[PDB]
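Asker: Quick one: this structure, given as structure tokens, is what I'll be asking you about.
Read-outs throughout are calculated quantities, based only on the coordinates presented, and are distinct from any laboratory measurement. All Cβ positions, even for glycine, are placed from backbone atoms using ideal geometry, and neighbour counts span all protein chains on display.
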Amino acid sequence: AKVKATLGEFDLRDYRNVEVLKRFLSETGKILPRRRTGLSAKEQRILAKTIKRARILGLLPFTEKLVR
Amino acid sequence: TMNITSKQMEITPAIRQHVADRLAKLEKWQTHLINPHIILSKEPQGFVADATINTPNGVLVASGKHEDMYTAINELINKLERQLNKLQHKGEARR
Amino acid sequence: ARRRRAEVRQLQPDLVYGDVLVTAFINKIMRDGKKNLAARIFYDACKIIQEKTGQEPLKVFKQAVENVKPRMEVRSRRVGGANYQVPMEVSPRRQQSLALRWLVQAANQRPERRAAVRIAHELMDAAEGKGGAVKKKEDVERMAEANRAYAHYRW
Amino acid sequence: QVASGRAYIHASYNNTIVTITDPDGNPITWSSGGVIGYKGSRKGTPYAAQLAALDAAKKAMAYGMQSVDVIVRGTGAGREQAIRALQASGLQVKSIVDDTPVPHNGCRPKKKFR
RNA sequence: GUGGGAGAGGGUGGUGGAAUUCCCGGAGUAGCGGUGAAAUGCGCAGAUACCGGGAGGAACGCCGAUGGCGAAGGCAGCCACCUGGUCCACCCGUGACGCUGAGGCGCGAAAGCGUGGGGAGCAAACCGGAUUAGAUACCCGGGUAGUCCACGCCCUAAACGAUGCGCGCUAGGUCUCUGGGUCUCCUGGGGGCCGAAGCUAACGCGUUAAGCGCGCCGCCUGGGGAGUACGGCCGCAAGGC
Ligand SMILES: [Mg+2]
Ligand SMILES: [Mg+2]
Ligand SMILES: [Mg+2]
Ligand SMILES: [Mg+2]
Ligand SMILES: [Mg+2]
Ligand SMILES: [Mg+2]
Ligand SMILES: [Mg+2]
Ligand SMILES: [Mg+2]
Ligand SMILES: [Mg+2]
Ligand SMILES: [Mg+2]
Ligand SMILES: [Mg+2]
Ligand SMILES: [Mg+2]
Ligand SMILES: [Mg+2]
Ligand SMILES: [Mg+2]
Ligand SMILES: [Mg+2]
Ligand SMILES: [Mg+2]
Ligand SMILES: [Mg+2]
Ligand SMILES: [Mg+2]
Ligand SMILES: [Mg+2]
Ligand SMILES: [Mg+2]
Ligand SMILES: [Mg+2]
Ligand SMILES: [Mg+2]
Ligand SMILES: [Mg+2]
Ligand SMILES: [Mg+2]
Ligand SMILES: [Mg+2]
Ligand SMILES: [Mg+2]
Ligand SMILES: [Mg+2]
Ligand SMILES: [Mg+2]
Ligand SMILES: [Mg+2]
Ligand SMILES: [Mg+2]
Ligand SMILES: [Mg+2]
Ligand SMILES: [Mg+2]
Ligand SMILES: [Mg+2]
Ligand SMILES: [Mg+2]
Ligand SMILES: [Mg+2]
Ligand SMILES: [Mg+2]
Ligand SMILES: [Mg+2]
Ligand SMILES: [Mg+2]
Ligand SMILES: [Mg+2]
Ligand SMILES: [Mg+2]
């Protein structure tokens, strides 16, 4: 279930877009690994940098509790 | 109690109580030394001292060998001490 | 028993009640191979089991055996630096064996002078739930239980 | 007197503690492996967690508690057993959430943990 | 020179959340904590577990990698500024302007030192509890320097790839990071693995050589005595060369 396919053509590097970015976080809030996001290396970097900006802005979380 | 066998040798009350005294070193560990038995013996190279002892946690067996009889006996106790500290501490690897 | 599984012998059923459980018992009464002896005791007791408390000595015997077999027992493992008494169920094999053993053992500690009487009475009481044997059972079983929380170290 | 409320499970390697709260999160009653007759490492066991979670729910039911959400903290031997035991309590277990706290690489741990 | 790229390279300011500790308010009761098992310790003077509020310091989870960057030491939340190194393309400028490098100069982990801040967590020394024959330890409960910041010193190391720098030459296979191309692939620069030849005492090395060659520098010459003594230079001392 690879994520870059689960979504269209986008801008990773756009920190305001919470609907795209939310997909790249796990259920627990963690930045998902390449093994999931399907980003390349260079990509996955730009991802995490911008995810992080967004979480400072209040948009994406930092942690989330795990619901069973 | 403690028995000493001087094999093919003419031993003495004095050196007997000396070996009783050297063996006393193992009393250090405070563990029952059951019917200990030393054997003193000549040999062309030098003397030989054997001892075989059972304790609640196992048995000690060892041979000392040397020119001087007394250094043979010491060697014997030195070897016995090691064996005794090992029976006493061995499973403490209980993590 | 390193190698395979250790066969449990079956046993010739007895020449009075035709039931294996009796010979095992008689076997447990036996001492120094003298089996004829081991027999009369059981049967003599069986005289007494009818004489007093008129009933079916077979019934009484087979009852007090089920009144003895321990359902749960402790068997102790070394873990780390302490030896834990551990709760485990007894095999039907082992329960029989523990049944018969405590029965006799407790029998022979009774104050009765004549052996078969001792056997008579111990069985009559165990049928009812009273005696040295029964205790040993209930005992072993409270010693399990209370260890219930060591039931995870269980093989 | 509250029917809806919360169960907090504190599960360490040493013990298991259950505290039941109001919906606001104020303790109604609590229990631990120690509250049952266990001392030493026996407190740590899953059986102990169970016995503790029961007694906690039990006590809670006397204040008329029926529904709880269950909140779980720590990695214990008794973690799962406590969860189980509340479900078999007669309490409703309206949910289960893991809140176990974790540093984003915080304070230096005691030497044991390095 | 022009034009592009990747990066935890360095310095300065600022800034976010998780967590630990403490304090305050609430609610609650008989234990919590800890170990191999315990005890010291904390707790009815209300602890632990739970909720709200506050203070403060340090380190930055996921991403994260066998990854990246740096001459080495070493460098990791996020933002901006100042700034070094380095790679690719174009084949445009100069015209051997190179290589190495005794001395010199500068950088140099941790610990340590000075002056002044700061101090949550951790923790030499130190105090207890256990373990043990004993236990000036390992394990447990406490705990001060220090760990953090500024400035100034110290100059060490298993400071390691135990492998000095530059250049040229000598099969390939595989996966990986980062460029450029007419994109199965081709091709530079880097990080790994397996291996031609060849090397090696063996282990192993092998276009990231320990192969084949040139240049320059450093170093070795049996073990201990000893990185000691003496002299000298350096340092506040420790102590370094
Ligand atoms: Mg405990
Ligand atoms: Mg920086
Ligand atoms: Mg800053
Ligand atoms: Mg309070
Ligand atoms: Mg009071
Ligand atoms: Mg709080
Ligand atoms: Mg690396
Ligand atoms: Mg290094
Ligand atoms: Mg030209
Ligand atoms: Mg020209
Ligand atoms: Mg120089
Ligand atoms: Mg330094
Ligand atoms: Mg320092
Ligand atoms: Mg110093
Ligand atoms: Mg000092
Ligand atoms: Mg200082
Ligand atoms: Mg100071
Ligand atoms: Mg302090
Ligand atoms: Mg002393
Ligand atoms: Mg001490
Ligand atoms: Mg300590
Ligand atoms: Mg401490
Ligand atoms: Mg303090
Ligand atoms: Mg290394
Ligand atoms: Mg060197
Ligand atoms: Mg050099
Ligand atoms: Mg390469
Ligand atoms: Mg490099
Ligand atoms: Mg190789
Ligand atoms: Mg070859
Ligand atoms: Mg190659
Ligand atoms: Mg070589
Ligand atoms: Mg020499
Ligand atoms: Mg010497
Ligand atoms: Mg030195
Ligand atoms: Mg010197
Ligand atoms: Mg000098
Ligand atoms: Mg001077
Ligand atoms: Mg000083
Ligand atoms: Mg040197």
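Asker: Tally the residues that are more than 10 Å from chain C (Cβ to nearest Cβ), of a type in the set (A, V, I, L, M) and farther than 18 Å from D:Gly90 by Cβ, restricting the search to region D:37-61.
Answerer: So the count comes out to 0.
Asker: Let me ask something additional. For the condition surrounded by fewer than 21 Cβ atoms within 10 Å (Cβ to Cβ), more than 16 Å from ligand 1 (Cβ to nearest atom), within 20 Å of A:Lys65 (Cβ to Cβ) and of a type in the set (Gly, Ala, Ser), what is the one hit in D:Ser12, D:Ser67?
Answerer: Numbers: D:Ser12 fails: more than 16 Å from ligand 1 (Cβ to nearest atom).
None of the other options fit; the residue is D:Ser67.
Asker: So how many residues does region D:59-84 have that are within 12 Å of RNA strand E (Cβ to nearest atom) and assigned to a helix (DSSP H, G or I)?
Answerer: 3
Asker: Output the residues belonging to region C:46-85 that are more than 14 Å from chain B (Cβ to nearest Cβ) and basic (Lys, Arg).
Answerer: Narrowing region C:46-85 to residues more than 14 Å from chain B (Cβ to nearest Cβ): C:46-76, C:85.
Result: C:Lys47, C:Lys52, C:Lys59, C:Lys62, C:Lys69, C:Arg71, C:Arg75.
Asker: Restricting to region D:28-44, name every residue that is in a loop (DSSP other than H, G, I, E, B) and either among the basic types (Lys, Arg) or more than 12 Å from D:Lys59 (Cβ to Cβ) (or both). Let's see the steps before the verdict.
Answerer: Kept after step one, since they are in a loop (DSSP other than H, G, I, E, B), are these residues of region D:28-44: D:33-39.
Correct list: D:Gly33, D:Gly34, D:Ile36, D:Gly37, D:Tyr38, D:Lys39.
Asker: Would you say D:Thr100 is closer than 27 Å to A:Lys30 by Cα, within 16 Å of ligand 1 (Cβ to nearest atom), away from chain C (no Cβ under 14 Å) and part of a loop (DSSP other than H, G, I, E, B)? Even if it seems obvious, please write down each step before you answer.
Answerer: Details: closer than 27 Å to A:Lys30 by Cα: yes; within 16 Å of ligand 1 (Cβ to nearest atom): no; away from chain C (no Cβ under 14 Å): yes; part of a loop (DSSP other than H, G, I, E, B): yes.
No, not satisfied.
Asker: So, one more: For region D:15-41, give me the residue count where each residue is within 6 Å of RNA strand E (Cβ to nearest atom), more than 18 Å from D:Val2 (Cα to Cα) and touching a helix residue (DSSP H, G or I) at 6+ places or on another chain (Cβ under 7 Å).
Answerer: Looking only at that region, the number is 5.
Asker: Further, regarding this structure: Go over the candidates A:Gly29, A:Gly38, A:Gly58, A:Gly8 one by one and state the one that is more than 14 Å from chain D (Cβ to nearest Cβ) and surrounded by 12 or more Cβ atoms within 10 Å (Cβ to Cβ). Spell out how you get there, then give the answer.
Answerer: Working: A:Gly29 fails: more than 14 Å from chain D (Cβ to nearest Cβ); A:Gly58 fails: surrounded by 12 or more Cβ atoms within 10 Å (Cβ to Cβ); A:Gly8 fails: surrounded by 12 or more Cβ atoms within 10 Å (Cβ to Cβ).
Just one listed residue meets the conditions, A:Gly38.
Asker: Failed condition for B:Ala93, given (1) of a type in the set (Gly, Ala, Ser); (2) surrounded by 11 or more Cβ atoms within 10 Å (Cβ to Cβ); (3) within 14 Å of chain C (Cβ to nearest Cβ), with all others met?
Answerer: In the conditions (1) of a type in the set (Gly, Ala, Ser); (2) surrounded by 11 or more Cβ atoms within 10 Å (Cβ to Cβ); (3) within 14 Å of chain C (Cβ to nearest Cβ), B:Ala93 misses (2) alone.
Asker: May I pose another question? Across region B:40-95, what is the number of residues that are within 30 Å of C:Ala82 (Cβ to Cβ) and touching a residue at least 24 places away in the same chain (Cβ under 8 Å)? Quick ask: steps written out before the conclusion?
Answerer: So in region B:40-95, the residues within 30 Å of C:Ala82 (Cβ to Cβ) come out as B:53-60, B:81-95.
Cutting the leftovers down to touching a residue at least 24 places away in the same chain (Cβ under 8 Å) gives us B:53, B:55-58, B:60, B:81, B:84-85, B:87-88.
Total satisfying the criteria: 11.
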